[PDB]
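Everything below concerns the one structure shown next.
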Ligand SMILES: O=CCCCC[C@@H]1SC[C@@H]2NC(=O)N[C@@H]21
Ligand SMILES: [Cl-]
Ligand SMILES: [Cl-]
Ligand SMILES: [Mg+2]
Ligand SMILES: [Zn+2]
Ligand SMILES: [Zn+2]
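Chains as they are written, first to last, in the authors' numbering: chain A, 638 to 896; chain B, 508 to 1071; chain C, 1026 to 1071; chain D, 1 to 119; chain E, 379 to 507; chain F, 379 to 507.
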């Protein structure tokens, strides 16, 4: 019923995901979006590191098998949802080549700039043939958000895959967002910039900042390194899981306690 | 804490054995990419108005030494650190250097040097410039990255010859601007750079640097540029950039893929925005590849977490910059200035006009003949920009003979030739209109200056302070007579305040609070603030301390609240 | 102030002394707010 | 014909005086202000208000007195407001025969003497 | 013209207490004819601006604008018997509800904002391109 | 009674700019005969309280209190001629002076009292029998 109203309300493209990448848990939504005749973009959440053999639960085969199985389940588009911004440039080159050989569906890449190099991964994905990517207007980009749309577009300006978006208009629109964002000073985090520490703990764009606030307020804003290792440790105790939306919150509840 | 063993031999021992020339060849020959950490200079220059104190910078040097002994160098001196340290932090930059040199004996120490005036604010005679370079080498610099704000090689030679003469590494930088892949700005094409590289090699460089002070180099361009550079000269190439655009890490990785020999990055806690791109993530991206730099990511994280706690003490100096800005491609304001600038616009009720500026700056840049914009040329183009904004003026409006325009002094000074000559020359008409009968010149500014009588000069500073000054102090006085003089007077009044922790230096002591303070290595004072009296009449406040157990009362005017 | 001219005066508050060393006393005079500035001689201010 | 709406090409007390008579008669009302009278109460004391002496159609930023003596602008705000009549009050324009022929080169009823008597 | 005022207690800054009668000011309007007198009282009353205390202004307007008042057809019983002078249902009504939000947030703050950083004052409003 | 005002521009808070007319308000006074009108004007003028800015009230009051005005014997050259400077006399401003004293002693103390014993805290005011 909800999916029906959402299509009636004006949604055309549904990015559907499951916090444990459980396909069985996506079927009902994916069938409902196809019955409304809208776009069903089935997202695979990215985690671990396909170029690291020390974590073989999230290897190349794991993503390509899920893409084939999402296609079989009715996807019109496959997305890679990199909610913590963990995909590295070299891994993007392998990942998007292999996905596009494993399914004929287009691929849509979504990432977060927490590490301060998401724009490198995005541009490596474009070179590897990815069909679409997500980015935020400059004034609301960077850090735990998506990477900078104006700069990515400028880097592709004149190349074979040029997306043909006007830089003057992007900047005017970002100027407007910038003034908008000033009015929301109440809700800015203390995060200053890139944190490669994301590659240890894997806290996703939403949570990283909340989790930090919440450990300041529970009086641990001084043992954050114990928390970081804890959240990583908790993740392994749970069996090595996709940490997004509710599943990451559970990992952070666990990590805070153990500390 | 690291470490138990002694320190691994690093690039410092390698340079001592090979000498500078063979040492640049060794860089060229290395497979792994080489890294320079700029956290201790450019990172806080860009993000905290260069207010990082010796205390915090020196306490970390020994950990870099044991934990990242493969680093190429620590950029940790020159640029604005020299005068800021004395003017605003009341501390001596030589002492900073000597403490970094002591804590990391295995890594090259690097500075940014302007060829024309070293670390100064104006033009100086050759002998003074020479004297500065000699002291910088004596005091611990191994690697001088030397640039000219107009990329005028002529104006770099005296610095380059002085560095080689001292047997240090001379890294000659070429400032990047424009866009080599856009054929509508042909003045800064590929040839422009490869020819400078070849001039710089004939002038004695040991290394060539590309200094992308505004973060303008885009990845497809890095790939073309670094390939072509390493074909035009056999010297190693060293790439420094800034992350204003939010994609500088992509540009660095493109450069590494293309064969670049060394790159700059800042530790995570002081990277991004107008600073260098993230060291730990660039290292993480390269991990396991052919060019893997072999730096331990668990140490980078720990040193970053230390820098994050250090940065928190400097909240007074944070700017309002919220993240990536692709409008850098339009205006080209250098990261090292897009914030000193952001708040000249504030101090003039421009804060809400900050965009029209952006466009005045690109416009101004072009009316000037389209020039390299980097400390002090950017400053000039900013002053032009604000003025076309305030006096609400345009460019035909600026060069028209009819409309009076009184020009900012920095613009008058540049058109005169005080920063040197663009390839180029200055636009005739604008020069005549701006100069108001003051006469311009076209030779190297250095070459008009009379030799300083170094003896006479030493006695003047010595008579004023009424003591001998060291060689280092004398260099300081040559660069900044007035700022050095005030620093020396303040030191004589206030003592070795650099030895205080940051919260104490900026805020003093809370009631009851205890501090350990090393007046010197191995002379630790214990100081307790017992109480502070109500102010009295005559308007004095007495602070009751315990010093090493013993009570001490000190009386200070209550300036806050109107008392003399 | 005179037979038959009665002022009502309330001391509302007294400011911390400022620099330049002035203190302002906030009064109400017959209902109306009035600020008066005086040197803080007590405590060394001119 | 049947006066429904009056624009008062003036300010301060004179404008308020005319506003009052207009009101009591059931005539709607229009005020003009220069940028320096941004805050003046006569611009609030009318049912409609327009700025005079700044904007895209100018061609100079106008003066504070000038702004009120300007035929063009006055006519402009009359025509845009839908005003059948103008009261000039006193001083300023009120004895400018140029301004009268203009009220009625614009077919706008001028409260006061015909342009001939005025010359 | 034709307005007389006799002030009781009101001026800008006045303290009005609850102990006496609630009078601020008597208004008297004159004219050659009675109708024009009414439109002058009416113009004057609507022009009043009194901030700080509520007043009876809108009731006075309903009295003198009412038809039985205008054609002298009222008796001593007029007010006591005329419900539409006392229009009473709690008002609202879109603008009124909006005023109520603004009132309430102005006096009490917003829970999500009131304990957190504040934007730089006189900030540039966002301008749609 | 007998006073008409034509104002609207001034009010407390208002800022008088240098650009236009200095006018604050026009006062019109009516009475059955001219002498009574003069004293009606005189009463209203003197009843005005204007603070924050200078006025011409004293000068207006001097004109209308003049003998040549009262007996209608002035020419057009009267003002340019009479002065009889008129011109002047100052103002006591006693309240402000008292407030200055109270603020001074409240902040700084009294020189005869400030280092001497102090009366027992809030002791009874004396009561006149
Ligand atoms: O709108 C009606 C106002 C007149 C009635 C109020 C008067 S004022 C004096 C008297 N004392 C009161 O308690 N009320 C009346
Ligand atoms: Cl100086
Ligand atoms: Cl004017
Ligand atoms: Mg190499
Ligand atoms: Zn996301
Ligand atoms: Zn730099």
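Where a beta carbon is used, it is the ideal one built from N, C-alpha and C, also for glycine.
ask   = Can you find at least 3 beta carbon pairs, one from the segment 63 to 78 of chain D and one from the segment 28 to 36 of chain D, that sit closer than 8 Å?
value = yes
key: Touching by the beta-carbon criterion (3+ pairs, under 8 Å), the segment 834 to 853 of chain B and the segment 735 to 753 of chain B   = yes
inquiry  = Considering only the alpha carbon of each residue, which of A/866, A/857 and A/846 lies closest to residue 721 of chain A?
reply    = A/846
task = Report the residues of the segment 965 to 990 of chain B with a CB closer than 8 Å to any CB of chain A, ordered along the chain.
result = none
message = Just to confirm my understanding: we take residue 782 of chain B, look at its own chain, exclude 5 residues before and 5 after, and list those with CB closer than 6 Å. What are they?
response = 550, 553, 554 and 773
ask   = What distance in whole Å lies between the Cβ atoms of residue 9 of chain D and residue 109 of chain D, which are believed to be in contact at a cut-off of 8 Å?
value = 13 Å between Cβ atoms; not a contact.
inquiry  = Please state whether the Cβ-Cβ distance between residue 650 of chain A and residue 673 of chain A is less than 8 Å.
reply    = no
key: Sequence-distant residues of the same chain with beta carbon closer than 7 Å to residue 787 of chain A, five excluded per side   = 775, 804, 807, 808 and 811
task = Throw me the rounded Cβ distance for the residue 723 of chain B and residue 835 of chain B pair, which I believe falls under 8 Å.
result = 7 Å
ask   = Whole-angstrom Cβ separation of residue 934 of chain B and residue 876 of chain B, contact assumed at under 8 Å?
value = 6 Å
inquiry  = According to DSSP, simplified to helix, strand and coil, what is residue 1039 of chain C?
reply    = strand
Chain D residues whose Cβ lies nearer than 8 Å to that of residue 418 of chain E = 24
task = Pick out the complete beta strand (DSSP E) segments inside the segment 618 to 682 of chain B, 3 residues or longer, and give them in chain order.
result = 650 to 654 and 676 to 682
Separation of residue 900 of chain B from residue 522 of chain B, as counted between CA atoms = 54 Å
message = At a threshold of 7 Å, does residue 987 of chain B count as lining ligand 2 (C-beta to nearest heavy atom)?
response = yes
ask   = Going by the CB atoms, is the gap between residue 715 of chain B and residue 747 of chain B shorter than 8 Å?
value = no
request  = On the DSSP bridge assignment, give the partners of residue 83 of chain D in chain order.
outcome  = Paired residue(s): none; residue 83 of chain D is not in a bridge.
request  = Find the residues of chain E that neighbour residue 817 of chain A, judging by a C-beta separation of less than 7 Å, and give them in chain order.
outcome  = 504
request  = Could you pull the start and end residues of the beta strand (DSSP E) that residue 417 of chain F belongs to?
outcome  = Per DSSP, residue 417 of chain F belongs to no beta strand (DSSP E); it is in the alpha helix (DSSP H), 412 to 425.
message = Output needed in chain order: residues of the segment 385 to 399 of chain F with a Cβ under 7 Å from some Cβ in chain C.
response = none
task = Decide if residue 778 of chain B is buried, meaning its Cβ has at least 16 other Cβ atoms within 10 Å, or exposed.
result = buried
request  = Could you tell me if the beta carbon of residue 66 of chain D falls within a distance shorter than 7 Å of some heavy atom in ligand 3?
outcome  = yes
message = Between residue 859 of chain B and chain E, is any beta-carbon pair separated by less than 8 Å?
response = yes
ask   = Is there at least one Cβ from chain C nearer than 8 Å to residue 1069 of chain B's Cβ?
value = yes
inquiry  = Beta-carbon distances below 5 Å to any heavy atom of ligand 4 define the shell here; list its residues in chain order, please.
reply    = B/537 and B/768
request  = Run the CB neighbour count on residue 642 of chain B, radius 10 Å, all protein chains shown included, and call it buried at 16 or more, exposed below.
outcome  = buried
ask   = Quick check: the segment 682 to 696 of chain B against the segment 611 to 631 of chain B, are there 3 or more CB pairs under 8 Å?
value = no
query = Closer than 7 Å: is that where the CB of residue 720 of chain A sits relative to any heavy atom of ligand 5?
reply = yes
inquiry  = So with CB distances below 8 Å, who are the chain D contacts of residue 429 of chain E?
reply    = Near residue 429 of chain E there are no residues of chain D at all, since even the closest Cβ is about 14 Å away, more than 8 Å.
query = Excluding the five sequence neighbours on either side, which residues of its own chain have a C-beta within less than 7 Å of the C-beta of residue 661 of chain B, listed in chain order?
reply = 951
request  = Report yes or no: is there a C-beta of chain A within less than 8 Å of the C-beta of residue 489 of chain E?
outcome  = no
Simplified DSSP assignment, three categories, for residue 897 of chain A = Residue 897 of chain A is absent from the structure shown; chain A starts at 638 and stops at 896.
ask   = Cβ of residue 124 of chain D within 7 Å of any heavy atom in ligand 3?
value = In the structure as shown, chain D starts at 1 and stops at 119, and residue 124 of chain D therefore has no counterpart that could be examined.
request  = Identify whether residue 700 of chain B lies in helix, strand or coil by the three-state DSSP scheme.
outcome  = helix
request  = With a floor of 4 residues, list each alpha helix (DSSP H) that falls wholly inside the segment 823 to 911 of chain B, ordered by position along the chain.
outcome  = 835 to 838, 849 to 853, 861 to 874, 884 to 896 and 903 to 906
ask   = How is residue 73 of chain D classed by DSSP in three states: helix, strand or coil?
value = helix
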